[PDB]
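Asks: Supplied in structure tokens, the structure appears directly below.
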Amino acid sequence: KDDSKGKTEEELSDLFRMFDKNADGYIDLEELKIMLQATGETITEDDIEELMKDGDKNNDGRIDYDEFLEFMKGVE
Ligand SMILES: [Ca+2]
Ligand SMILES: [Ca+2]
């Protein structure tokens with residue numbers, strides 16, 4: 001095995017409780033930036049700023065289990 005990949009909408013739930021830098025049940029544009037460093041993708045606040053924008057199902061400031069399910073839905 002090397003990189004056969006295999007992550008469905010079910011493996012995303014864990015990605016949320018696993019990328020919670022603050023670990024408070026939800027995340028904020030502040031921690032969402034570190035989540036990208038875990039995968040690389042070098043970018044500035046110009047790309048991350050919009051990442052959380054459309055990533056928030058209701059744009060409230062943080063992403064929960066729901067807003068997170070859609071976040072990865074259009075974020076690969
Ligand atoms: Ca948090
Ligand atoms: Ca929200």
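Values quoted throughout were computed directly from the atomic coordinates according to the rules given, and no laboratory measurement underlies them. Here the Cβ positions follow ideal geometry from the backbone for every residue, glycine too, while neighbour counts run over all protein chains shown.
Asks: Got a number for residues in region 52-76 being small (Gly, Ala, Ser) and over 9 Å from the mean Cα position of the chain (by Cα)?
Replies: Qualifying residue count for the region: 2.
Asks: Looking only at region 19-37, how many residues end up being among the polar types (S, T, N, Q) and within 16 Å of residue 47 (Cβ to Cβ)?
Replies: 1
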